[PDB]
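Student: Just to be clear, this is only the beginning of the complex, oriented as in the whole thing:
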Amino acid sequence: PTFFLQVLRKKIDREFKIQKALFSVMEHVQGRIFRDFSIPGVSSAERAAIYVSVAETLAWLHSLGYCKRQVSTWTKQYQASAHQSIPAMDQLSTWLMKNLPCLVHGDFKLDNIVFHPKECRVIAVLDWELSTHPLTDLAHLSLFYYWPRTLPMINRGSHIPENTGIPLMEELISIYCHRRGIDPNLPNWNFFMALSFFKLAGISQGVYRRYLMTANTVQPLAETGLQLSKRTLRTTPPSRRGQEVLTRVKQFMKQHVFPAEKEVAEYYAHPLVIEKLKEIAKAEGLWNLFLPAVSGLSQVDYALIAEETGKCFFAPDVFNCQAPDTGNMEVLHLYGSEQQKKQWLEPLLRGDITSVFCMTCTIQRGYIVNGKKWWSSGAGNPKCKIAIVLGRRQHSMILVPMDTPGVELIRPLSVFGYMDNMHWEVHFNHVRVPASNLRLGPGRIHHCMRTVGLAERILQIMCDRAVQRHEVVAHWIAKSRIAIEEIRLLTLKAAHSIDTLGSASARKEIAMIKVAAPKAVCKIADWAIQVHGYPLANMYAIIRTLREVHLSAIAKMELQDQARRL
């Protein structure tokens, strides 16, 4: 007898004994239960007080080596209760079995605590079912910070916000430790995260199996557990997610991709080296970053990462953030048909096929699209299947597969005598496509950040050459640094304006960064090649290829703003 009543008397014997001991037949508790773990119904100070209170009640209930046995039992239960193939689960179990290390609550979450009706203090704790290590429960509580950005959150809640009032993981860890007495640093933390994620995956699989007599969430959980199983999680105190991702990006870059620059350049005059690097980056978790949902970071962190990966010429290819593909990916994901999404994006997010965005025709109503394209970047790749054309309120963009009859590449276009193997013309002669086959802010931001990174590398090279081999060169260096700093500041300001105050109130800054950057970057490239009297050739080629209506647009917007202000 433990069901609801209008609680009950309530291995129920173990739970009853635990309740009796704690008191040294529980009735109803008149308190709240935050289903969503983001706590959106209170202020910031209230959220911080709530999390401090749960930390201290955990400490008070804890402070007042069969862990491997528990891991083995959970592995056996998950393997016996499994109903679908899951190599990730077996890999995670094998990896955790290679790692070794009281009265816990088993499933201590924010959803199993009833507070006071008018005050933020813990009144009672329930659901003490799987109770039998003084640090595993803390890891189970704190794992929700690393809930995968792709998997929807459990208990119908939003992902944990940052800079809102919630304590960061290190902050909560320090609170609990100082409440207990142990040192802030903790050992075998990767093992704790792996065990917690594996236990959660097993619980979800068991719940799904019981409901059959949650199902698709075991694979993302196992993948994330494997991803965090090989890292250095600093328990002691030290967006934060953006900084961690940027640090990992820099480490991966400096450890793998810079030494391959010479080999790639020699092969230029896609190699299997790029394929191996792509596989390594996908395995390490650094893949499809630029997608604003598969990675979860904010716009400013995106711009900083793009700046960090614009230095190498072919760097965006490794992270699957090429120039044409990302716009089509964003268009498909944001406002796209579910059937069209399943048909097309699945061949993009896995890197199966490329894409192309072309507007440099007739889209008259099925519908027929007869016209001639031009300057279509990335149209010559052997793995280029999809194609998005926004041709003639005549703006109607419709997908057109390149394998459809009537599509035929005409000739390759050369810029300054470089074929750009890493601009073939396209002709569409009355292609028949079904009706099923039928913004710029992030694109401009990333296209400016990459150019800024390129200019920074150019300045580094020019400074090194000037030192290795007068006042004029020093003046050139100083002017280049000034221009680089100003352009970076403008780009970051535009990105932050897009992030905070919507996306429709940042057209002015986008036009401004579209105007400012290329001129100064071309000037810097010219000064560098003049000082030289080498990778700089590729940088100059890119800067010249990437090189006055936007000034008129900015003037119109400025005049409108001045008229509005008065």
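Tutor: It's in. Numbers count the residues shown, from 1 in each chain, chains lettered A, B, ... in the order given.

Student: Every contact and neighbour count from this point should use C-alpha atoms.
Tutor: Fine.

Student: can you pull the contacts of the spatially most central residue of chain A?
Tutor: Centroid-nearest residue in chain A: residue A:295, 1.3 Å away (criterion: CA atoms, centre = their mean). Taking CA atoms under 8 Å, 6 or more residues apart in numbering as the contact definition, residue A:295 lies against A:149-150, A:288-289.

Student: repeat for residue A:181
Tutor: Residue A:181 neighbours (CA under 8 Å, 6+ apart): none.

Student: Spit out the contact partners of residue A:486.
Tutor: Counting by CA under 8 Å, 6+ apart, residue A:486 has no contacts.

Student: Which strands or helices does the longest strand along chain A pack on?
Tutor: Using DSSP state E to define each element, chain A has its longest strand at strand A:426-433. Packing partners of strand A:426-433 (3 or more CA pairs under 8 Å, 6 or more residues apart in numbering; DSSP states H and E): strand A:367-372, strand A:407-409.

Student: quick one: the lengthiest helix in chain A to chain centroid distance?
Tutor: Assignment by DSSP state H gives helix A:471-500 as the longest helix of chain A. Chain-centre distance of helix A:471-500: 26 Å, with CA atoms, centre = their mean, to the nearest Å.

Student: residues contacting residue A:180?
Tutor: Residue A:180 makes contacts with A:59, A:63, as judged by CA under 8 Å, 6+ apart.

Student: Any figure for the gap between it and residue A:56?
Tutor: Residue A:180 sits 9 Å away from residue A:56, taking CA to CA, to the nearest Å as the criterion.

Student: What of residue A:552?
Tutor: 61 Å.

Student: Have a look at those two and say which one is more surrounded.
Tutor: Just comparing residue A:552 and residue A:56: by other CA atoms under 10 Å the higher neighbour count belongs to residue A:56, 19 against 10.

Student: Please identify the helix or strand for the more buried one.
Tutor: Using DSSP states H and E, residue A:56 sits in helix A:44-63.

Student: Return the distance of the helix or strand just after that helix from the chain's centre.
Tutor: Sequence-wise, the next helix or strand downstream of helix A:44-63 (DSSP H and E) is helix A:67-81. Centroid separation for helix A:67-81 versus its chain: 32 Å, with CA atoms, centre = their mean.

Student: Buried residues in the following helix or strand past helix A:67-81, which are they?
Tutor: Later in the chain than helix A:67-81, the nearest helix or strand by DSSP H and E is helix A:87-97. Across helix A:87-97, burial judged by 16 or more other CA atoms under 10 Å covers A:88-89, A:92-93, A:96.

Student: ok, now which ones touch residue A:340?
Tutor: A:332, A:436-437.

Student: Switch those residues over to TSV; also include neighbour count and secondary structure.
Tutor: Formatted as TSV, these follow (neighbours: other CA atoms under 10 Å; DSSP: H, G, I helix; E, B strand; the rest coil):
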residue	neighbour count	secondary structure
A:332	18	helix
A:436	11	helix
A:437	16	helix
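
Student: What is the nearest of the residues you listed to residue A:125?
Tutor: Proximity of those to residue A:125 (CA to CA) peaks at residue A:332, which lies at 45.2 Å.

Student: what about the residue lying closest to that closest one once chain neighbours are set aside, which SS state?
Tutor: Leaving aside its chain neighbours, residue A:332 sits nearest to residue A:341 (6.1 Å; criterion: CA to CA, 6 or more residues apart in numbering). Using DSSP: H, G, I helix; E, B strand; the rest coil, the structure places residue A:341 in helix.

Student: Tell me how many other residues crowd residue A:341.
Tutor: 17.

Student: one more, chain B:
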Amino acid sequence: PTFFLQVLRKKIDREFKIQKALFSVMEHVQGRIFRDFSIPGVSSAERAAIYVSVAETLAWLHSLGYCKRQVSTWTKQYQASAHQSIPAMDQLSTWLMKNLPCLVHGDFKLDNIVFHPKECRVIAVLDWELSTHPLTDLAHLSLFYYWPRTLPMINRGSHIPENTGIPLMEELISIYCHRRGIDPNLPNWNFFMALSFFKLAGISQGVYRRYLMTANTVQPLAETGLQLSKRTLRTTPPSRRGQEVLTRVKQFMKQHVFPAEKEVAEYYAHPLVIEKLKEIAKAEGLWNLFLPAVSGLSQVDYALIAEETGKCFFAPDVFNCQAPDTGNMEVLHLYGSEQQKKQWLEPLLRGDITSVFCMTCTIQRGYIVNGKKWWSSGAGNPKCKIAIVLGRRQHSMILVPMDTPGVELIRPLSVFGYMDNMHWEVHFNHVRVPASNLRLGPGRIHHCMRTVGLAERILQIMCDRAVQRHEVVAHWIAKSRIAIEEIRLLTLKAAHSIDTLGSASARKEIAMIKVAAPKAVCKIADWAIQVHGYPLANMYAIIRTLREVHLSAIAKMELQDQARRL
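Tutor: This next block brings in chain B, placed alongside the chains you saw above:
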């Protein structure tokens, strides 16, 4: 019997009755007592939890019209116990007497609460002496946010930090109100602040008088109470101090100083209008802003305010933030002899005398300073007495009063034929001065922010003239806007770098803003005067007067940074 024991049994009868009723002879309480109200011994979440807990214990002890009589009694007690002349106290009492509107604790502060030894929860509340309105106690608790930036904090603590973890005043107000049930908005809040400040001043005066049988703190408290007695304090929820100061600056500007522009310009070809405006600004509290201790704001708020007050040509004169005076004031305040400070700064902070910083000689050891100055700005003012000269590690700056024998102005220097009534040469022929009479970051930041504001006003004027009367003018407008945005971003970045990561790690950005701004601002002025084919004459004069070694310095620093990075 209420003294300490190793508490006691403990109008003590009223306190004993209150304790007995609350329980329905208190012993010692084993808990902490935060003397400093900033709570520096805990983390951010712990601070937020502490303040939430004090808010809810206040609400629980309160929720579970003799206010004018109490005000009159406090006024009588303060007047009878007064020992020194205080017109501010009488003025505040008269102002409060014109404003009209349970079981309180009288002196409910963070210093009269004992928490738990290991948890952040309220255990007991003490010092219930003056207990007899359900909102006055809240105002007394929350007044500590407006502790004057000049008066040192009480109970030997630091001023309340921002963006640290402490709740903002509106946030705490909302917490307490939602705990009680009243609406977030509150009436007669200015009266509450005035009464709270007057009561605190009376308590301090009484404590000082009792100790004589705190003394100098009654005047700043009364002045601050008078200053906040005339404002609009929004109780409901809506740096914050920087934003409030900037809003007040903009309101004062647009309400008083812009209409006087025509009169001042006509008088040009200091008037009593400037004196009246200076008196009004000093009365309103907007005075000596640029001093980094008499105002208390951070560097970024300082730059934003300076940008807002750089638009009017003579605006810095009203706020007492002139170009030469502020450097000498900062040098005196930061590292200056107490005797020298009392001798000189007191004639500056009150606007009694001006100053001048001149280095464009011999300071050989008393000491004699014989040499010829040049381009000494502000040396012709009739109220110019002090003078700081850093002349010949020969850098030894020594104050030299201008009334001393041997100092005589030579001739006035004209720039472009403007005498600049709002540059006389100085000659020092063996001045005898005692040995008693013996950085650039804020100066450069403000000197760039004012120029940015001037450029913004110039662009506004040029846009208005272009509308009132082609593609080239539109292109000019767009380029001017781009340059203005880039320069503002650079200036703010340099100011923030000075603020956060010390003042010795921002020389590069300071040199960068010293290089970048004048060229673009001069170009904008040239384009404006070309479009015109008027206040713009004064703006061009200033921009030209304010107009290549810094490039070499920046190149040297950049080369050193590149060498260090490798």
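
Student: Go back to the contacts of residue A:486, now with chain B?
Tutor: B:486-487, B:489-490 (CA atoms under 8 Å, 6 or more residues apart in numbering or on different chains).

Student: which of these sit farthest apart?
Tutor: B:486 and B:490, at 6.3 Å, using CA to CA across these.

Student: hmm, back to that, give me the buried positions along whichever helix or strand comes after the longest strand of chain A.
Tutor: Following strand A:426-433 in sequence order, the next helix or strand is helix A:441-468 (DSSP H and E). Neighbour counts over helix A:441-468 (16 or more other CA atoms under 10 Å in any protein chain shown) mark A:441-463, A:466 as buried.

Student: circling back: give me the common contacts of residue B:486 and residue B:490.
Tutor: Jointly contacting residue B:486 and residue B:490 under the rule CA under 8 Å, 6+ apart are A:486, A:489.

Student: Closest residue of the stretch 201-350 of chain A to chain B?
Tutor: The nearest approach of the stretch 201-350 of chain A to chain B comes at residue A:237, 10.8 Å away (CA to the nearest CA).

Student: My read is that that residue contacts residue A:186, right?
Tutor: No - Residue A:237 is not in contact with residue A:186 according to CA atoms under 8 Å; the separation is 10.9 Å.

Student: Tabulate the CA atom coordinates of stretch A:88-105 in PDB.
Tutor: The C-alpha coordinates for stretch A:88-105 follow below in PDB (Å, rounded to 0.1, in the frame of the first residue of the first chain):
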ATOM      1  CA  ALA A  88      27.800   2.300 -28.300                       C
ATOM      2  CA  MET A  89      26.500   0.800 -25.000                       C
ATOM      3  CA  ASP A  90      28.900  -2.200 -25.300                       C
ATOM      4  CA  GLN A  91      31.800   0.200 -26.000                       C
ATOM      5  CA  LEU A  92      30.900   2.400 -23.100                       C
ATOM      6  CA  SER A  93      30.600  -0.600 -20.800                       C
ATOM      7  CA  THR A  94      34.000  -1.900 -21.900                       C
ATOM      8  CA  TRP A  95      35.600   1.500 -21.400                       C
ATOM      9  CA  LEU A  96      34.100   1.900 -17.900                       C
ATOM     10  CA  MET A  97      35.200  -1.600 -16.900                       C
ATOM     11  CA  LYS A  98      38.800  -0.400 -17.300                       C
ATOM     12  CA  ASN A  99      38.300   2.300 -14.700                       C
ATOM     13  CA  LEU A 100      38.300   1.600 -11.000                       C
ATOM     14  CA  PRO A 101      37.900   3.800  -7.800                       C
ATOM     15  CA  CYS A 102      27.500   5.000   1.900                       C
ATOM     16  CA  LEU A 103      23.700   5.700   2.300                       C
ATOM     17  CA  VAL A 104      22.800   7.300  -1.100                       C
ATOM     18  CA  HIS A 105      19.400   8.200  -2.600                       C
END
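
Student: who touches it?
Tutor: Against stretch A:88-105 from outside (CA under 8 Å, 6+ apart): A:62, A:67-68, A:75, A:127-134, A:137, A:188, A:191, A:194-195, A:198, A:218-219, A:222-223, A:225-226.

Student: Would you mark the buried spots in the helix holding residue A:56?
Tutor: Neighbour-count burial for helix A:44-63 flags A:44-59, A:62 (criterion: 16+ other CA under 10 Å).

Student: same question, stretch A:478-489
Tutor: For stretch A:478-489, a neighbour-count test (16+ other CA under 10 Å) marks A:478-489 as buried.

Student: would you turn those residues into a markdown table with distance to residue B:412?
Tutor: Shown next, in a markdown table, are those (distance: CA to CA, whole Å):
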| residue | distance to residue B:412 |
| --- | --- |
| A:478 | 36 |
| A:479 | 36 |
| A:480 | 40 |
| A:481 | 40 |
| A:482 | 37 |
| A:483 | 39 |
| A:484 | 42 |
| A:485 | 40 |
| A:486 | 39 |
| A:487 | 43 |
| A:488 | 44 |
| A:489 | 42 |
